[PDB]
Structures are given as C-alpha cells and as structure tokens.
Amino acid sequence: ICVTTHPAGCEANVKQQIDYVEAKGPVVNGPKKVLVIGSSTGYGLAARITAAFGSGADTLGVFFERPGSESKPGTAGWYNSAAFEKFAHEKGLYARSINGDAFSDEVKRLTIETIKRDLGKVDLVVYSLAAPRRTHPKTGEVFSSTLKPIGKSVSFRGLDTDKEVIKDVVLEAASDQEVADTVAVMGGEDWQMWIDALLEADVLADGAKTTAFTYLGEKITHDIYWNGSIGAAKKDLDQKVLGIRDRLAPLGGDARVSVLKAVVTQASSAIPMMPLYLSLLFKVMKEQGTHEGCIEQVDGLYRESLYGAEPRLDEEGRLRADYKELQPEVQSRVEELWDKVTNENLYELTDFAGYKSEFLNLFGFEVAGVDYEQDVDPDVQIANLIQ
C-alpha cells in the first residue's frame, strides 16, 4: 500500500504533540541542547518535541527524508520537521536539521561541525534510527535487516490490512547471515560510533546523556521480536551501552537503553504480527484506559526517568516506559482474543479502526481540525537545512 503525504495534516500532528507537552508543564532540570538522530517521525520526533517544548532546549535533528517540490509531495517526516522548526523558532528556540544518512561518516562530520558553530556542546543525544538497511561507513558493504525468528519457523494468524482479512501465515527461520546483517543495521555499533566521534571533538557537555530506543514486548511477540533476528540486534544494544556508559564517565555522563511501548509507526507497521497485535492491544488498552501514543511515552520518559528523581529502571539498567502494555490484564486478554478473531468480527473484537486511523495520522490524514477538501501545497521549504 502507498499513502500520499498531507502537508497540512502533518503540521497539525506536530502542533497536537506540542500542545500535549505544554499542558503537562516544564520538564524540571531538563536538557537545554539536544541532538536527536532520527528526529523526523515517531519516537524521535516525540523526543525532539519533548526537549524543545518541555525543557526549552535547542535541538539539532538528523533525519533522512524526501523534500517537497511543486506537484510532488515529500515524505511525512519532511513536513513534520518543517512544522517543528517553525513552531520552535516562534518560542525563540534554535532549531536546525541535517538531511542525510546518519550511518555515514560525513553526516557525523557535519553534525559535529554544526554543533561547534551553533551550540558548542550538547546536553543529550537521542538515538532513534529505524532503518531497513545500513551501508557500513568504512567498507561500503550494505546490510539489510530481516524480521524472522531464530531456530524454528513460526505459524500464526495474521491480518491482511488491505483486504481486511485474517490470513494463515508461516514465517521461516533466519540464517546466521540474516541475523548478522540485522545486528549490523539495528545493533549498537553506529550509536557507538556516534558517541565516540562526539567525544573526540569535545562537543559533549559535562554530565551529558545519551539514550537509544528499543522494544522488548511480552511473550506473544518474543518468538518474532525479542528472541528473533531483530531481538538479537536490540540485544547487541544492551552490550554496547555498557561501553558507551564507560566512555561518558570522565564527563560524569550516562548512557541508557530506553524501552518504549508498541506504537503504529512506519517502521513497526511492517513488522510481522504487528498489525493484528496493535489492533488487539489498542482495543484492550482503550477499554482499560491505558492507551498511549508516541508523545505520551517519550514525555513520560523525560519526566520520570531521563531527568526524573526516581527513574523507572529494570534489572539490566534500562529505563522503562512500556510497563502498561506488558501487564497481565492486558496481555492475557490480547492472547485470548487473537484466536477468536475472524473476518466477520474484525471491527468488533479488535480496534482495527483505531489502527487504520493512527496509521493514516502518520501521513497527515484523519487529523482533527484539518480541512481535507482544500488543495494541498507540497512545496514546503526548511530554512537553513543542511544536506
């Protein structure tokens, strides 16, 4: 499926996230100069909005988005970032962006150069890259990530989102090479490179923090995710953060892996089993009153753990914001309903309507307060953007 991009709806999407953060009040003792790698959509965009509008932080964002021209709309992340900087410049904040491949050495060189000239040093480094592939910045070798289980193939009842049909599917296992590629793409090496390079150039302030986002889920998803190929990459993140945290010790800084809840993004809608899992989870958590989106998760992570008094930790040293999803009352009902979902009860036993709505929100469609019978103007420019 292709969904075009609605510029006006994307801006209203950014404004609504800004409104949520501002209503919750300032982030006490928060960061003032934040670098967000992957700052145009999803959790990274939420992190940039929480920093700028919760803490009054200057933000430098790195993303990879297609710009807009006459009669050809760019990607949603382009209009998201364009709207973010427009709102941020209003409040008096510094907001600049870099459009390029964050895995490359040149973007790191440009980011360091921009920080020196524009900010000096940064308070916090948010690492939220979601890429299906990575080109190694030293051997040009391209790695492509895979979402398969390890060991045994898995059967389950999926959901054809186009035909709106429950399908019997089978996911084959992953070879040792597919897992190695997935670790190269989604592991911690590039995050490790980022902090190293930022340390040599001395653009990390005293007590600087860095965090990378991850997902653990519960038992229903462990075969595909956590104990699959993608989980081996996130498992590599937990090994890398121990090294990162050490290099930040002479500064008095910290490095943490932050676990967030499952959310409809462009990167998770592709994962197997996710459309049906999200449709069920949305219904169970809505009737329970714990349904949360991107901005609620990251705003809470800033306030309670990243810069709070009593951080929500686990026994591995990770900051946690996903606890409501993993609760037995939520998980056990999702597991019970999964089998009883057929083509006829789709909208009655699941929140497939909510999943579809939130998926179209990513592109600027079905956003409250937007007039969708007006001509779309796709030529939106971003002042002082660096390519």
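For every residue, the number given is its place in the sequence shown, counted from 1.
Stretch comparison (164-172 versus 300-308) by mean CA B-factor in the PDB entry places 164-172 on top. Stretch comparison (234-242 versus 150-158) by mean CA B-factor in the PDB entry places 150-158 on top. The PDB entry assigns its highest CA temperature factor, among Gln266, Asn99, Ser81, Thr75, to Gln266. Set against one another, the Cα B-factors of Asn29, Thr50, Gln327, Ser40 in the record reach their highest point at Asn29. Placement of the Cα temperature factor of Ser104 within the chain: lowest third of the modelled residues, per the deposited record. In this PDB entry, the Cα temperature factor of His291 sits in the bottom third of its chain's modelled residues, the lowest group. For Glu178, the recorded CA B-factor ranks within the highest third of the chain. Only modelled residues enter the ranking.
Compared with the other modelled residues of the chain, the Cα B-factor recorded for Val125 ranks in the lowest third. In the deposited entry, the Cα temperature factor of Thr139 sits in the top third of values across the chain's modelled residues.
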